[PDB]
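Quick heads-up: it's one chain on its own, the form deposited in one PDB entry, in structure tokens.
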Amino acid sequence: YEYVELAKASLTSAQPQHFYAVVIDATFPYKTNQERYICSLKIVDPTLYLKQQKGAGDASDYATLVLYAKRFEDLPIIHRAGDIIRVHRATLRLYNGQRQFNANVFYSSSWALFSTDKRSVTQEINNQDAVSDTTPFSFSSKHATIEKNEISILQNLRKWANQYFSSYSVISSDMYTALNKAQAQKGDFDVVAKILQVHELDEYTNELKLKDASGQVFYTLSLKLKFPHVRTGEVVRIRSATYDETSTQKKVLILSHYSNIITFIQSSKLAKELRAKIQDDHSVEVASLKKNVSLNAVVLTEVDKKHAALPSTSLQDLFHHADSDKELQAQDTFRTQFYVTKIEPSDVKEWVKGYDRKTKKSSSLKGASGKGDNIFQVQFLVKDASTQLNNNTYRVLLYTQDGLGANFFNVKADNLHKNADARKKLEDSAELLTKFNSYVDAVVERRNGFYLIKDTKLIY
């Protein structure tokens, strides 16, 4: 197999050609009719990656690759910009002024994906190591062969990709639309924004809270199975979105089966600058709290920084599998999300009780100090997406006698029967916690079959 560079491929041969390239963009594989699937992508290499820079505006130049197939599984799922693709038997032609490489996978063409970073996106999600640095993490057909001579091409193209992404935006401003101008678009458009929040709407759907350089916030539904790599704080490029004219309560982007959400390789200058430049916004949440009913979700808490890297565990696993799952039995500390259905005791004034550290007993302060040290003894009855349909509610405790969750309310325990200020703040927090669309993000510690909140604080 002889590999040719993009700009040097023949436009007249019409013969099958082969090449290595870096993917900067791609649709998701999508069905067109009763027998055809398609995946369109934008590719570049050392010979084709930037338009005549003078009056070009540092715009990216590229070739396009269109892969056809009879089966969905015979096409590449591109989750990240910057990785490399190897194509065999592609025919080149000029389509509206640009180099279009076409390859029928259902015939004799084939492709193979190589990770530019240490691990592929899927391997990062599963915390897996790559077999080797010359192994395709994905490819068409039952086999893929890498000859010794290719190793240099791959290694060099990788080095090039990192220099390219770290020196240029790659996804230039002409490749997407500012979110605050989304409503002026006639049809679909592309987006480049930071994921501010990933809210599990239900069993198969995530609701992404996005914010781009224009400062505009938008929400969009992202299927879990299709886009399992979405992560809070990360910058992504969204290929093909439309402005939703029917959403009045909040700004919504609509995605299609061919739409794609793509992250950037570690070296991406654009991704790095946007992660730092774009800062979290809570304006939407602050405004929603003034409404009797908010169609916008509000995460009322934040976990200590030392847990930000801790993976979350659903209520289903926490209460229904924590005593039968090997992996869940080995952990005592978990992170989870849920909404509060009810708070006990009902009387907010009883949330703080006097505790006797010698008899391990607590009591009401309605009789005053004669009960010992003041502590919070609150029981949340919660629910989440994973348990949304069942007839259950789950108990999550806030028992701070040992220091766990003492600062949850940003209100030091005190006799609520006498401290009006403390009582009032807790009463307000109570209405917020039980309000529809309010959610909690918290770390819990398992103790004698119960879960106690810790290292978690309200931010409203």
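Counting begins at 1, following the sequence as shown. The term rigid core refers to the most C-alpha atoms you can superpose between the two forms while keeping them within 1.5 Å. Only residues modelled in both forms are compared.
Not on display, but discussed next: the form deposited in another entry.
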- [ ] Go through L41, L48, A69, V396 and flag the only one whose CA is off by 2 Å or more between the shown form and the other one, rigid core held fixed.
- [x] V396
TODO: Examine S312 after superposing the rigid core and state whether its CA is displaced by 2 Å or more between the shown form and the other one.
DONE: yes
Task: Core superposition between the shown form and the other one, C-alpha change of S369 at least 2 Å - done: yes
- [ ] Determine, after fitting the two forms on their core, whether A26 shows a C-alpha shift of 2 Å or more between the shown form and the other one.
- [x] no
Task: Closer or farther: C-alpha pair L208/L318 in the other entry, relative to this form, given a change of 3 Å or more - done: farther
TODO: Say whether the C-alpha atoms of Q216 and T301 sit closer together or farther apart in the other entry than in the form shown here, given that their separation changes by 3 Å or more.
DONE: farther
- [ ] Determine the segments between the shown form and the other one made of three or more consecutive residues whose Cα atoms all move at least 2 Å, using the rigid core for the superposition and only residues common to both forms.
- [x] 12-14, 50-61, 118-128, 281-283, 294-460
